[PDB]
Each structure stands twice: as structure tokens, then as C-alpha cells.
Undergrad: 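Pasting a structure below so you can have a look.
Just so we're on the same page: letters track the sequence lines, and every chain starts at 1. What's counted below: heavy atoms across the whole structure, side chains too, no hydrogens, waters or symmetry copies.
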Amino acid sequence: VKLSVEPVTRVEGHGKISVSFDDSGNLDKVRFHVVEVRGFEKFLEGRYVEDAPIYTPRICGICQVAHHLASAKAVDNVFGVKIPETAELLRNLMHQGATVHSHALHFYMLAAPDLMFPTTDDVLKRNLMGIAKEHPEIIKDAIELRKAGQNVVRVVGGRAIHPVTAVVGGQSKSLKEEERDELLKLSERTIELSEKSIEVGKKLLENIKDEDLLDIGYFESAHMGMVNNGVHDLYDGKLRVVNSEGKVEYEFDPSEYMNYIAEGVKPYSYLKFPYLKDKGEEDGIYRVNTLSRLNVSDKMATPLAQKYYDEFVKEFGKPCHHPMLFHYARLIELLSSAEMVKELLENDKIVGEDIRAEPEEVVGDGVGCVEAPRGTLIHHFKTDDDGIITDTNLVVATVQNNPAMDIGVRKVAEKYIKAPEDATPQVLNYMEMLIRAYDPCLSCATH
Amino acid sequence: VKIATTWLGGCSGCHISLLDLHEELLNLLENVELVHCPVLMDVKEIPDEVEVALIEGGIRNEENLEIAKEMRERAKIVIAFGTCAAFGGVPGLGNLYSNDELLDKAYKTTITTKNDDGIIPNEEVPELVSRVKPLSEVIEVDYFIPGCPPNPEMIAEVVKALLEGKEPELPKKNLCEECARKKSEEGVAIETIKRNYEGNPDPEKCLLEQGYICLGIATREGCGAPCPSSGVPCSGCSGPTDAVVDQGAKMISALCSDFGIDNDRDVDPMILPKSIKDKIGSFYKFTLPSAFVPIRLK
Amino acid sequence: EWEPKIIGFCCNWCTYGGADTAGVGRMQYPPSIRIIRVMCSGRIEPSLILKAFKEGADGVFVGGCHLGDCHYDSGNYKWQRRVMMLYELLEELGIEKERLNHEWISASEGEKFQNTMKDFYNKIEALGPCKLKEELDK
Ligand code: NFU
Ligand code: SF4
Ligand code: SF4
Ligand code: SF4
Ligand code: FES
Ligand SMILES: [Fe+3]
């Protein structure tokens, strides 16, 4: 007997789960398959390097900002140019605004329906419309957070989806004093709603704990995230890896990523299976984003976020390997980004006019790295003397949680399915809940 | 009114633009009956009796083709949702290489990739179709919402008109109408061609008259021209007007026509092809699959 | 077993007259070409040539007045800038530059037209069929 969950819903992209049983009727093979691929790495060859920040955002419509900036950075390295401070701040402001929208989007519109209705049969209730029908205040807040984040992206990036200001040597436009004032005034409400969101999560994760669903897909792995002097940072710093026990294994510059990360290929999925090269396919499994970043970080960069992180760390320890608590860490990050949007808007250099540095001679190698809302994002481009791309490599966030998602779904089935009858609609949804915990973006991950 | 959405060879950006209606999304969802939408709900199969269907993305794999055909049979009105569905979009650049070259890079020759036996995922995953194709090449499409992604207001305007029974009408003019940049009354004249990083562009003068390849002249209005207003040329993401089949071809025609028009009879006709080192990427970023020659012969 | 499919675009004042003069003089040339009449070569733009390849053209020919002799003064100068970019665009698309041929032929030059048709036919016949339509029909 062979069962298939397709398509996996309330996730970005094309994914599916297969569950096979042997002749006796016992659980046999459970796998997570990604059924999409566009081949951006190859078709970027022959393109203008300065046009990479125009093509990569099209890898994904949720985290397009992350790609725009990762490409911009790599491109700024291809040209031996160091961008001005005001440009670094505008880019980061766009990055934080984008993270608020992405985290709010996932928690409220993709994850919350399961956290609110974990044991329902009514499939039509498990969605933002069902949540809005009984708790409209929750969906209204999600929308207000998303709108605030996208507003920041639109103002600083030119477009709410697929921004265009991160150009070679910096930004194509400056933030005007009036624009800055309007955004800073709106920033306080984004922090309030982000704080409120953490509580909605506490309540809903308590409901998950009551149904013995907080340990679904559990397994221990390494964790990777960007840190700036050991402090949590989504825009700059070095990449840190902690082991399953919390010991710092590596700390390296994103440009040396090829010496630490490797991506395996399995025949049943268009999604690769990354691992730490030194440790291997099984001992080198690591996770990225939200909890993985909290785990590697010494502390948060903002004060309100730090308080919830402190409270979480004392209750669940370090490192926390619970897939379902990724939801919680996501809420702490939703708050830190909201706090950062305000912080950056309060920095007088944001409205500066020294937004661009003149491009220098072309160096045919450039690496761009940023922590996308779903994990470490690395864009690596190689070009000719003309600045035409000759080779590229993209290690995109969610690809690094594919091993976790494939192990996790197996572990849910091992916990709830012995025979095919056990695979009820609610049990099958438990498998998709483990997937959703990692906030996957399958278009992103495959590129 | 039973409405449904699906996504193919795109990026979800059109779906996110629909969500960028924000407070208005709830007003829309109270009027319509959403029966299938992978991103927002768990209804796995496309149900029968769908009045309106929004299909995002172009045709990239065998499964995209099956879904498109299925949605066409279940829906009364099919809408090519966004530039990918309508013209093919950015993934369409994959047409410059063979499907084997796209897959060999991603699963074999990328620097970080470790593939011992050298296999391409082929189990439980669909095969790629020969070339990326706009939705209209495989199924009959009734209407389309251009844009990468289409603006939220435009999506609402189109959906609203269909719920009312009215026929949706898209803007007809090219982008310079909406662009706030100043044009020379004497007409356009291009002296040299610059890559976007070359020089420092004037914020008031039309970028095309400044030597940058701006696609606004060959691109449909509606977006509000955020790119030229932000300091970068238009990349032609909304696609061509209703009177232009091949956007890239018309853009090249216009560009070649005005290049050195003030010295029309003596200007060297080889400066332009020698200057543009990536022609397809300069004129077919978002529309290669809908072009007369939508692939590269190998 | 296979004969090239060639489409032509000739201006009404010169090449179309040049082509007629070849006929008046019974100047035999291969029957692959089919000419489309336009008033000036300035009417010719990339989309007309790209549309022809899409339809299955093995070769595309364009004929206009000699540079400086355009009935409309400078129509051919614009077409000349358009065709040079088009040659390179075709190479980028995998279409041999040789599959496109542009020439300046006056109305009295029937012999030149005959020879241009002979030479172009041989060129395309040697290259074999352009496999674009077959690739698209998959
Ligand atoms: N967040 C995010 Fe992307 Ni749609 C993913 N996964 C990018 O780097
Ligand atoms: S048209 Fe643009 S935004 Fe929409 S699916 Fe395609 S790439 Fe994404
Ligand atoms: S900058 Fe672009 S859209 Fe604006 S007027 Fe010039 S060509 Fe038109
Ligand atoms: S200005 Fe051009 S590239 Fe920018 S959003 Fe409008 S159509 Fe797209
Ligand atoms: S009339 Fe023959 S080229 Fe203009
Ligand atoms: Fe990759």
C-alpha cells in the first residue's frame, strides 16, 4: 500500500509526502519530495552580473528582498566596491521590514490554523478564513504586521515584492526625511503587535503541548546562523555552527562557505540534502533559521526580543532541537526585526545622500550572504572581465532543512502510524505540521 | 462565486500580491467562495464547478501541464495570473540552455554539490517540459493579469469586474505616460549605450535618452513606473502592450532606430551590437517564452 | 527530398523592381524564396524576421535601396542599424547569422538579384533546414 500527501498545503512551493507499507501492512518508507526546479544557477550564466539582483528576487515572492540583497552584496564584491554606511543601513532596513512580513505571513496564515485546530476534521476550517471567522482580531493583526513590513520594503526598495534599489555600489535612491518620519511613526505599532503575537504563540503552543504534539519530528542536529560579535544578526557578521550540545564547532566568513557546507543529491527529490562537510551526511546534519539562529547566538541585538529569548532559554535550554518551537523562535525574531526597523529609522545616517560608491575594476568572484527569514542565504557569482556571469552557486535557506524535514516526517509516521488505517486525515496533517514548523519555501530551496 | 487559484512554474509572488490587498483581502474572501488555494488551504484536489480560476506561473514541468489542463476543465473562466503565466517570466531564460544543462548544474557541477553516482532526481518528481511556455500555449486562457507581480489594486479590479459580470479591461498605453521623468520635445536621440552601473544618472531626465536600456517604452503601464522613479531603468516586467506580440523585438527596433539618429547617415551600425554583450537578457528578461524565437537552438 | 523555405522582404522602389527586372530578362534563379512587398526597407524591423523563423523559415532575405538612394531618403539607414543587432541576436538564439541575408539592390540590378538569390539559396541549402519549428512543436 502506498499513500501520498500531495500537494503539501500551507507552505510555499511544490512538495509532497509518500508513505509506503510492506506486504504485511507495516510502515515501510516515508519520504518528503520536492517536485519543482527552474535552474537559476545555470540560466544566470551569460547574464549581466549587475542584473543578478533583478533575476534572483524571482526565485521567491516571499523572500525576494533576501535574494535582492544577497545578489547585491555578491555583485558589490564582483566589483571591488565597499558601499557607503547609509546604503548598508537602507539595505538592512529593507531586510528587517521584509522579515516582519515573512514571519507574520508564516505564523498567522500558514502555521496558526494547525496550532489553533490541531485535531479537526473540518478541512475548510484549517486556514486563515476559519481563524478569522472565530478570532478576527488575530488575522487583522497578521495583516497589519504584513502591511507594515511590506510598506518599509516598498518605501526603501521601490516595490513591496521584488525590490529594485540595491544597485552596484549601494542604493539607487535615498530615503527622504518625510518618508523616514512616516515609517518611524508606524514602527511603534509593529513592535506592539509583534509582542502580542508572541503571546498568541505561547497560548497556541500550550494547546499543542496538551495534545502531545510539541515533540513531533524531534531529532537533535547541529545549528547554523549568522552572528555579529556573537550577537544575533540577520544582515552582517560571520556564520556560526553549534553542535547538538551547544558547543561552537565552526565560525567562518560566508565567502569560505564552500569549505564547510556540502549538498548531497538523492534520487527522490529535486531538493538537495546539505550537511557539514567535515562531519558527513548523518553526523553533519544541521538546521537553519529561527531556533537555529537563537541557538547559535549569545544574545539578541534588541532589548524586548532579548527578554523573551532569556525567558525561553531558561525554560527550554540551549540548544533546543524541537521542530515545533521553531514557531516560537520565529515570533521572537518577528519582534526583533520590528524593533530593528525602529532602531534603523532612528539612526540619522539612514536619510543620507552618500548612498553610492563608484564601481571599481571587475574581479570575477563575489559572494553575497544574508540570513533570509528561512535560513542562511548565499549567492556566489563568477564572471569574465566584461562582468558577464560564467558560473553561479546558490545555497538557499530551506534546502538546509530538507534533511530535517525528511527525517521529521518519518518520525511523525513512526510515532502515529503502525498500519495504513492509522493514517487518518488528522495524522496525515500532523506530518504536514512538522513540515510547516520549518517554514519551507520550496521554490526558494530548489531555485 | 466559486473562485480557485493554483501555481505552476512561478515564485508565489502573484499570490503574495493578492495577499498585499491586506484588509481588502478579507472583504474579497467574504464575497467569494475560495474552494482551492494550496498556499492558504488544505483542499488537495481541484473541485468541479469553479467559476473563476487564477493560475500563477508558466509551464516548466510535466505536472504543471496536467494541473493547467485539469483547472481548464474544472473552471468556467481561466486567468493567466501574472507575467510568468502570461508571457513565461524570468524562469523562461532557462530556454537558453537544454533542460540537461539546467539540471546538470543544480545536481552535479555546482561547487557545493556532492553527487557520487551522478544522478538527476527522477523518482516521484516530474520531468521538465522541453521549454518554458506561457499558459496560453497549452490551454485556452480567457483573461490575464500582467505584472511581475501584478499590483494588488489591479488584481482586485479584475476579480471584481468578473464577479459583477463585467469584462475586465487592462491599461493600454506604454510606461512613459506614467513615468515622471522629463522627455525632450525634439524627440528621443541616443548617443551612447551604457550598462546600468556606468556613470551617475540624472534623476529628472528619461533614462533612455541618457543611454540606459530602459524597457518602459516597450512595456505596458499600470505598475506606476516604480523603477525609473527609484533611479533604475524599467526591466519590462509587465510585458508588452496589446499591439505588440514580441516585446524584445520591438524594443530592439526602437533602440536601433534612435541610436545615433542625430548623426543618422554616418553613425556606425556596429557600435550598438558591440556594446550590448547580453542581448537576450537585455530585451527578454520576462518574456522569452512568448517571443517568436523563444529558445536557443543547440 | 528537402528544399529550403526562404522568405523575402523587398522594397517597392528598388529590390521589388530589381526582382521584376530579373523576370523580364528571364533570369532564372532557385524557387525557394517568396517575396513580401513593403514600400521601404525602413518598414522592416526585428519582429518580422523573428516571426518568419518562428513560422519555419530556413532563410530570411531583405532587399532595399542602395544606401543614399532610398525613395524615402533615409529609411534603409534605420533598417541597417536594426539588421546588424539582429544578426548577433540570432547567434545568441542559436540561429546561424548566415540564415539572414540583407542586400542593397536597385530596380535595374536584375542580374545582381538573380545572383543574390542563387548565392543565398546555395548558402541555406548547405546549412540544411533550420530546426526551430520542429523544436517548438515538441
Ligand atoms: N526566506 C526565504 Fe527564501 Ni522564499 C527560502 N527558503 C531564501 O533565501
Ligand atoms: S509573474 Fe513574477 S511575481 Fe508572479 S509568479 Fe512569476 S516571477 Fe513570481
Ligand atoms: S525612464 Fe523609461 S519609462 Fe521613464 S520616460 Fe524614460 S523610457 Fe519611459
Ligand atoms: S517599471 Fe518596469 S520593471 Fe518596474 S514594475 Fe513597472 S513594468 Fe516592472
Ligand atoms: S525605398 Fe527602397 S529602401 Fe527606402
Ligand atoms: Fe543551489
Side-chain angles (χ1 to χ4, degrees), chain A residues 66 69-70 73-74 76-77 82 88 91-92 95-96 99 220-264 273-302 305-306 309-310 312-313 316-321 326 329 332-333 336-337 340 365-380 393-404 438, chain B residues 111-112 114:
Chain A
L69 303 175
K73 273 177 179 166
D76 285 323
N77 285 329
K82 181 156 201 303
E88 295 280 15
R91 281 184 185 190
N92 196 5
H95 194 47
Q96 303 296 330
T99 306
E220 301 173 0
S221 67
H223 292 271
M224 188 175 85
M226 173 159 47
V227 286
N228 190 0
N229 299 105
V231 186
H232 182 268
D233 204 310
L234 307 177
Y235 183 86
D236 202 52
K238 309 214 185 153
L239 294 170
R240 173 182 283 175
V241 180
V242 291
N243 66 8
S244 52
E245 292 178 349
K247 177 211 172 182
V248 175
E249 287 281 343
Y250 320 111
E251 226 174 266
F252 56 91
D253 196 83
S255 68
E256 287 183 308
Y257 80 99
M258 68 287 281
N259 300 331
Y260 301 85
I261 307 305
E263 301 176 274
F273 289 77
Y275 58 94
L276 297 151
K277 303 167 41 132
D278 260 350
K279 301 269 198 269
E281 280 81 353
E282 217 80 285
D283 213 76
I285 290 154
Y286 70 96
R287 275 175 286 188
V288 290
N289 90 52
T290 67
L291 194 58
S292 307
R293 289 191 280 257
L294 297 206
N295 281 338
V296 306
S297 303
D298 293 351
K299 55 169 173 196
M300 305 304 287
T302 56
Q306 180 46 46
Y309 163 85
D310 220 43
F312 173 78
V313 160
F316 295 89
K318 276 197 73 170
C320 180
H321 298 290
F326 267 69
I332 294 178
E333 286 192 344
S336 190
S337 292
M340 196 60 64
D365 197 296
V367 173
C369 178
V370 87
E371 280 296 319
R374 289 161 183 84
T376 312
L377 175 57
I378 291 149
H379 284 192
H380 186 182
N393 185 43
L394 315 169
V395 179
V396 184
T398 288
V399 69
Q400 300 160 105
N401 287 334
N402 190 36
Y438 291 105
Chain B
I111 187 155
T112 35
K114 162 113 158 166

Undergrad: Which pairs count as salt bridge (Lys or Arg N to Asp or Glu O under 4.0 Å) when at least one residue sits in residues 274-283 of chain A, sequence neighbours excluded?
TA: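 The answer is A:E249-A:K279.
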
Undergrad: Apply side chain to side chain donor-acceptor pair (under 3.5 Å) to A:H95 and list each qualifying residue two or more places apart in sequence or on a separate chain.
TA: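 For A:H95 there are no side chain to side chain donor-acceptor pair (under 3.5 Å) partners, ignoring immediate neighbours.
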
Undergrad: Taking only residues two or more places apart in sequence or in another chain, which ones pass side chain to side chain donor-acceptor pair (under 3.5 Å) with A:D310?
TA: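 Partners of A:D310 by the side chain to side chain donor-acceptor pair (under 3.5 Å) criterion come out as none, since no residue qualifies.
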
Undergrad: Kindly write out the residues that satisfy ring-ring contact (aromatic ring centres under 6.0 Å, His included) with A:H232, not counting sequence neighbours, or none if the list is empty.
TA: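 A:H232 satisfies ring-ring contact (aromatic ring centres under 6.0 Å, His included) with no residue once adjacent residues are dropped.
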
Undergrad: Can you confirm whether A:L294 sits close enough to A:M300 that some side-chain heavy atom of one is under 4.5 Å from a side-chain heavy atom of the other?
TA: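 In contact.
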
Undergrad: Taking the side chain from A:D253 and the backbone from A:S255, do they hold a donor-acceptor pair closer than 3.5 Å?
TA: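 Checking the backbone N and O of A:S255 against the side chain of A:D253, a donor-acceptor pair under 3.5 Å is found.
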
Undergrad: Under the rule for side chain to side chain contact (heavy atoms under 4.5 Å, CB included), what residues qualify as partners of A:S337, not counting sequence neighbours?
TA: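 By the side chain to side chain contact (heavy atoms under 4.5 Å, CB included) rule, A:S337 matches A:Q96, A:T99, A:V100, A:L234.
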
Undergrad: Working to the nearest 0.5 angstrom, can you tell me the gap between A:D76 CG and A:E88 CD?
TA: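 It is 8.0 Å, given to the nearest 0.5 Å.
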
Undergrad: Taking side chain to side chain donor-acceptor pair (under 3.5 Å) as the test, write out the residues that go with A:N228, two or more places apart.
TA: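 So A:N228 forms a side chain to side chain donor-acceptor pair (under 3.5 Å) with A:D233.
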
Undergrad: Who pairs with A:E251 by salt bridge (charged side-chain N to carboxylate O under 4.0 Å, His left out), at least two apart in sequence or on another chain?
TA: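 Testing A:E251 for salt bridge (charged side-chain N to carboxylate O under 4.0 Å, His left out), a comparison that skips the adjacent residues, returns A:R240.
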
Undergrad: Assess the residue pair A:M224 and A:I261 against the criterion (side-chain contact (heavy atoms from CB on, under 4.5 Å)); give the C-alpha distance rounded to whole Å, side-chain angles, the decisive distance to 0.1 Å, and a yes or no.
TA: CA-CA 11 Å; A:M224 188 175 85; A:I261 307 305; 4.0 Å; yes

Undergrad: Would you find more than 12 non-hydrogen atoms of other residues, nucleotides or ligands less than 6.0 Å from A:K318 atom NZ?
TA: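 Yes - once you tally the heavy atoms of other residues, nucleotides and ligands closer than 6.0 Å, there are more than 12.
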
Undergrad: Checking A:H380 against A:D365 for the side-chain contact (heavy atoms from CB on, under 4.5 Å) test, could you report, in this order, the C-alpha distance in whole Å, the side-chain angles of both residues, the deciding distance, and whether it holds?
TA: CA-CA 8 Å; A:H380 186 182; A:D365 197 296; 3.2 Å; yes

Undergrad: Strictly by modelled atom types, are A:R287 and A:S221 linked by a side-chain donor-acceptor pair under 3.5 Å?
TA: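 A:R287 vs A:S221: donor-acceptor pair found between side chains.
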
Undergrad: Who are the salt bridge (charged side-chain N to carboxylate O under 4.0 Å, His left out) partners of B:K114, not counting sequence neighbours?
TA: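 Applying salt bridge (charged side-chain N to carboxylate O under 4.0 Å, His left out) to B:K114 gives B:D116.
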
Undergrad: Using 0.5 Å steps for rounding, measure from the OG1 atom of A:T398 to the CZ atom of A:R374.
TA: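 One gets 6.5 Å once the value is rounded to the nearest 0.5 Å.
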
Undergrad: Would you please name every residue forming a ring-ring contact (aromatic ring centres under 6.0 Å, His included) with A:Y260, sequence neighbours left out?
TA: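 ring-ring contact (aromatic ring centres under 6.0 Å, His included) list for A:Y260, sorted by chain: A:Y250, A:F252.
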
Undergrad: Going by salt bridge (charged side-chain N to carboxylate O under 4.0 Å, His left out), name the residues that satisfy it together with A:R293, two or more places apart in sequence or in a different chain.
TA: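 For A:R293, the residues satisfying salt bridge (charged side-chain N to carboxylate O under 4.0 Å, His left out) (neighbours in sequence not counted) are A:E333, A:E371.
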
Undergrad: Holding to ring-ring contact (aromatic ring centres under 6.0 Å, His included), I want the full list of residues that pass it with A:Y235, two or more places apart in sequence or in another chain.
TA: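 Not a single residue meets the ring-ring contact (aromatic ring centres under 6.0 Å, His included) criterion with A:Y235.
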
Undergrad: How far does OG1 of A:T290 sit from NE2 of A:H223, to the nearest 0.5 angstrom?
TA: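 One gets 10.0 Å once the value is rounded to the nearest 0.5 Å.
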
Undergrad: Indicate yes or no for a side-chain donor-acceptor contact from A:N295 to the backbone of A:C320 under 3.5 Å, with no hydrogens or angles considered.
TA: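 Confirmed, A:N295 side chain pairs with A:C320 backbone.
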
Undergrad: Any side-chain heavy atom of A:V395 sitting closer than 4.5 Å to one from A:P274?
TA: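 No, side chains not in contact.
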
Undergrad: With rounding to the nearest 0.5 angstrom, report the CG to CZ distance, A:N401 to A:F273.
TA: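 Going from CG on A:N401 over to CZ on A:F273, the span is 12.0 Å.
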
Undergrad: Tell me, please, which residues at least two apart from A:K299 pass side chain to side chain donor-acceptor pair (under 3.5 Å).
TA: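 For A:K299 there are no side chain to side chain donor-acceptor pair (under 3.5 Å) partners, ignoring immediate neighbours.
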
Undergrad: Okay, side chain of A:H321, backbone of A:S244: is any donor-acceptor separation there less than 3.5 Å?
TA: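 Answer holds: yes.
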
Undergrad: Carefully, step by step, assess A:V227 and A:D298 under the rule side-chain contact (heavy atoms from CB on, under 4.5 Å).
TA: CA-CA 9 Å; A:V227 286; A:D298 293 351; over 6 Å; no

Undergrad: For a side-chain contact (heavy atoms from CB on, under 4.5 Å) check, start with the C-alpha distance between A:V248 and A:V241, then their side-chain angles and the critical distance, and finish with the verdict.
TA: CA-CA 6 Å; A:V248 175; A:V241 180; over 6 Å; no

